[PDB]
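1. Just dropping in an experimental structure and the matching sequence.
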Amino acid sequence: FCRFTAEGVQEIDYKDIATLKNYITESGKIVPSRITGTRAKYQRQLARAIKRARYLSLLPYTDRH
Amino acid sequence: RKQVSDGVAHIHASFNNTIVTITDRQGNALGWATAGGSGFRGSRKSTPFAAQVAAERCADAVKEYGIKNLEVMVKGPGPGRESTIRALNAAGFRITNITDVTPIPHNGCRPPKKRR
Amino acid sequence: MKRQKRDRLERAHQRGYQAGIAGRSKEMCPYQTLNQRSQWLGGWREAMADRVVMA
Amino acid sequence: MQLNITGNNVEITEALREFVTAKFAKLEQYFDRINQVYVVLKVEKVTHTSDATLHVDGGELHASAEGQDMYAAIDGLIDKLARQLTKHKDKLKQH
Amino acid sequence: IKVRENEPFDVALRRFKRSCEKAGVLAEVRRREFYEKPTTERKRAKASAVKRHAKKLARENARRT
Amino acid sequence: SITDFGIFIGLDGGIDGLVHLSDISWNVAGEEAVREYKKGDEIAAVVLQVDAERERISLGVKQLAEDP
Amino acid sequence: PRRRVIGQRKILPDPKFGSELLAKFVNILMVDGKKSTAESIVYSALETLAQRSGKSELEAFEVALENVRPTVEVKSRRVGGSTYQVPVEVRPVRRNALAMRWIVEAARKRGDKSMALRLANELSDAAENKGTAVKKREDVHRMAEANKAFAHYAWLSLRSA
RNA sequence: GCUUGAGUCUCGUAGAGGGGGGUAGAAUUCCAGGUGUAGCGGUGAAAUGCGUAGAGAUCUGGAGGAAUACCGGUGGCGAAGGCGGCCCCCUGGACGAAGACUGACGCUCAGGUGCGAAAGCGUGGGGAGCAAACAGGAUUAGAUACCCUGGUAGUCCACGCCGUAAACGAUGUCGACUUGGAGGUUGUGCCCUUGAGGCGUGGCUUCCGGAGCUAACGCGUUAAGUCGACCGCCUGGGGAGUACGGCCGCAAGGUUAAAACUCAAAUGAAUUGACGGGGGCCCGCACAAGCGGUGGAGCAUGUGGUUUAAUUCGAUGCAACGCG
């Protein structure tokens, strides 16, 4: 697999939900790094970005809201 | 009797029983039938067939409300949960969408310790 | 005194089905020949669904 | 449960039969419904040994105990039988 | 989970995603806090993972069939 | 190919599965026991009488012959 | 057994009528290893079944038989502590033999004077859906249909025919 | 004096490291209200329990407490205990690149001091869920238990105490040297970053194996290999980490620590069997599907017992009892 955050020179911001919605599933759950194949550092930055965007309601926690 | 059009079919599908509550869009109940009250008792409650007979004995006694189409909510990881919605395809209904309302806590309260 | 019943082909099926239901999520107690391993695993995966439908 | 006593070279006195019978009755009452019990007493020049065969619903079960004075052997045999009975009893409870 | 689509639908997709993530987390969380044996069961699970991978890898020599 | 006490299981024509039932087989219903009446591995008269599109059951027959 | 789909042998048909089902029926009440007097009981009973029914004898016996042949049959199973009965479908070889065993037992009851009169009356009420073997048939269907909620694992009646 | 050991400074880097504060969502419970009615709940089966006084279910609202799904990774950080939502404030350590600086400032450490899971104790709050004690229902020959229905301390917070754990890597700390492989994580250098590329370089870590070692199991550059410095500890099993005395503690108790007596063993690892209410596979009148019996009766025959002058002797689970 490939790590798209490694293909860029990025440091994951929590506001590009166009990219973060590629890493939530349709139940709101964060997709594993063995599935997406991201590096572990961008996986941690990814998880903090998902949870932060959930806090600002740019992403849902679940699908039963 | 109210002459309702569409309904929401909640199916509580625990291990020891399945109860089927057909309500309306609003969320207040029209009729229910359980896998215990259909003649099946004790361990025999915990079968998919008793859930199927439950969905039958709900799908009539909601005839007087005149429901053409219903959604299906299913809560509970039980032995029914699929035979009871085959028994709602077969009961003469139009299934709009099927959801899952099984409550998954982002682990909160502590579960019991039960087995040895 | 007569000959073997269903010559390991669909006996290999029901061994994989009983072993599928009674746990054993190894899928690592089969035969080794192909025509019997294929449906030991066939009965195993037909037994996972029959474990989901019950307790 | 009827207890049958027999003896090879051991003269079964009446005080000997009273004690053995009491011990067997006590064991039968404590562990399981027992249909019939055969007791064999052997003396081989040193070893006071005892055999017992209990016929219970599951089937036969047997034990054997060597002792010093016959009484000791009987006690050992009865304890062994009780242990065997516990195994058979919940072996056929096994809920 | 959420299935709505056109006239061939309603069973296979739903029992797939429903069955996997539902039966997983509910059959897990239904009892047993344990506090101690997710540590043991993950340790045994992953030691069995590396033993199965290396065991099949060095078991890829021959079998005399 | 294999007669299983309620039929004969003709399976020619590229994988079409289970076929003729014990009920036709002759002009007698119940007593017939197909091993007595036809064969093992033999090519016969059998005509279709039903193809069920779902559940993959064609149901051929053998009574369609000339005895009555 | 564990092994052996066994090399099966067939039977001789009945002499007086072209039937092997009838010869099996003679072998059911052929008590004590004696075929001839069982044949006299069967013939003596089908004659008065013809006179007490009007219609022919082979169709009289077969119409009298299909009201006691079963469809579902219980099999007692235990899992854990429970020991519930699970409905298996009867295979159509076992079906009519399981009917004739009930006819012959219900004729060994019911006691009239002669065995041909007992079996003749029992086949008559089997045509009438009235006697004992129809009560046993309906007992088997009531308890298999009552325990109908069990269709499971592998210990009974694999995929289809 | 010197700079290699040690330490300091300039840049960054990652991290559930710690203390304080705040906040978010799901779920559980309760309360109020609506719809609705005959069951719910639970088990291997059941009952105790709750429900026609309207339960269980479903919807709306509110309260309160606790834990933070997914990410979650034989991943990370910490001296150890341990630390998982998210944000802020205060703060410790580690790592690497390039230099500069001090100049042996180092290692270990009895006594001492500090930290130290859970349970527990004291004071004051708080109490959702769970849950010792306790009640009840089962189960059982009995069942002060496992199973079920409830349920109080406790679990939570603030401040003190206790100072023990299978506190485990059952492996003291520091340093040097000694073939390899596959990975993880975290920096960094060069070159065609021209493509998730190639070649090196440090740290931490997981597994497999080399010599070597070990009683074997196994350890194996993160050694249980080869050595060096310092400390703790052991000297047969039971008595016993117990008694008496000291010290600490509110107590529970912790630490230090015997002896009389008694035995010729206790033990570690591995082996061959046997066994398991361990597993896999195959088979058997083993079960299932049936037919006919035994056990009730009379009689025959054998045995035990009792009797007798003697009731000759032997055979006694299966494998003695129409047996010699």
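-> Yep, that arrived. Residues are numbered from 1 along each chain as shown, chains lettered A, B, ... in the order given.

2. can you list the residues of chain A near chain E?
-> A:26, A:27, A:29, A:63 (C-beta under 8 Å from any C-beta of the partner chain). C-beta: built from backbone N, CA, C; applies to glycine.

3. wait, the last one sits on residue A:28?
-> Yep, that's residue A:63 we're talking about. Yes - contact criterion C-beta atoms under 8 Å: residue A:63 and residue A:28 qualify, at 6.0 Å.

4. residue ranges of the strands in chain E, please?
-> With strands called from DSSP state E, chain E shows them at E:2-3.

5. Sorry, wrong one. I was asking about chain F.
-> Along chain F, counting by DSSP E, strands occupy F:51-52, F:57-58.

6. tell me the most buried of those?
-> Mean neighbours per residue, mean count of other C-beta atoms under 10 Å in any protein chain shown, is largest over the strands of chain F for strand F:57-58, with a mean of 15.

7. can you list contacts of that strand?
-> F:16, F:17, F:18, F:19, F:48, F:50, F:51, F:52 (C-beta atoms under 8 Å, 6 or more residues apart in numbering or on different chains).

8. Apply 7 Å and report the result again.
-> F:16, F:18, F:19, F:48, F:50, F:51 (C-beta atoms under 7 Å, 6 or more residues apart in numbering or on different chains).

9. Quick one: buried ones out of those residues?
-> Among the contacts of strand F:57-58, those scoring as buried are F:18, F:19 (criterion: 16 or more other C-beta atoms under 10 Å in any protein chain shown).

10. Phi and psi next, for the one residue sitting closest to the centre of chain D.
-> When C-alpha atoms, centre = their mean is applied to chain D, the residue found nearest the centroid is residue D:52 (4.2 Å). In terms of degrees, to the nearest 10, the main-chain angles of residue D:52 are phi -140, psi 140.

11. How about the residues of chain F by RNA strand H?
-> Applying C-beta under 7 Å from any atom of the strand, one finds that chain F does not approach RNA strand H at all.

12. Single out the residue in chain F that lies closest to chain E.
-> Proximity of chain F to chain E (C-beta to the nearest C-beta) peaks at residue F:54, 13.0 Å away.

13. how about the residues of chain G that lie near chain A?
-> Residues of chain G lying near chain A by C-beta under 7 Å from any C-beta of the partner chain: none.

14. For chain G, which segments count as strands?
-> Assigned by DSSP E, the strands in chain G fall at G:72-76, G:85-89.

15. can you tell me if the first one touches chain B.
-> No - judged by C-beta under 7 Å from any C-beta, strand G:72-76 makes no contact with chain B; its nearest approach is 14.2 Å.

16. Now do that strand: distance to the chain's middle.
-> 15 Å (C-alpha atoms, centre = their mean, to the nearest Å).

17. for stretch G:78-89, same thing?
-> Relative to the chain's own centre, stretch G:78-89 is displaced by 24 Å; criterion: C-alpha atoms, centre = their mean.

18. touching RNA strand H at all, it?
-> Yes - on the criterion C-beta under 7 Å from any atom of the strand, stretch G:78-89 is in touch with RNA strand H at G:79, G:80, G:81, G:82.

19. Grab the longest helix from the chain for me.
-> I'll assume chain A. helix A:40-55 (DSSP state H).

20. let's do chain D instead
-> Ranking each helix of chain D by length (DSSP H) puts helix D:71-91 first.

21. again with chain B
-> helix B:48-59.

22. How about that helix and chain G, touching?
-> Yes - against chain G, helix B:48-59 shows contacts by C-beta under 7 Å from any C-beta at B:49, B:50.

23. thinking again about what came up before, ranking the residues of chain A next to chain E by neighbours, who comes first?
-> Neighbour counts for the residues of chain A next to chain E (other C-beta atoms under 10 Å in any protein chain shown) peak at residue A:27, which has 16 neighbours.

24. Without its sequence neighbours, what residue ends up closest to that one?
-> Excluding the flanking residues, the one nearest residue A:27 by C-beta to C-beta, 6 or more residues apart in numbering or on different chains is residue A:63, at 5.5 Å.

25. Could you measure from that neighbour over to residue F:29?
-> 59 Å (C-beta to C-beta, to the nearest Å).

26. Verify the stated contact: residue D:8 with residue D:39.
-> No - distance between residue D:8 and residue D:39: 11.6 Å, which falls outside the contact criterion (C-beta atoms under 7 Å).

27. Neighbour count for the two, which is higher?
-> residue D:39 (22 against 11).

28. Just list whatever residues bridge to that one.
-> Beta-bridge partners recorded for residue D:39 (DSSP bridges): residue D:5, residue D:52.

29. To which secondary structure element is residue D:41 assigned?
-> strand D:34-43 (DSSP states H and E).

30. Now do that strand and helix D:71-91, the angle between them.
-> Interaxial angle, strand D:34-43 versus helix D:71-91 (axes from the mean of the first three to the mean of the last three C-alpha atoms, to 10 degrees): 150 degrees.

31. Quick one: distance of the longest helix of chain A to the chain centre.
-> 6 Å.

32. That one near RNA strand H anywhere?
-> Yes - contact of helix A:40-55 with RNA strand H (C-beta under 7 Å from any atom of the strand) involves A:40, A:41, A:43, A:44, A:45, A:46, A:47, A:48, A:51, A:52, A:54, A:55.
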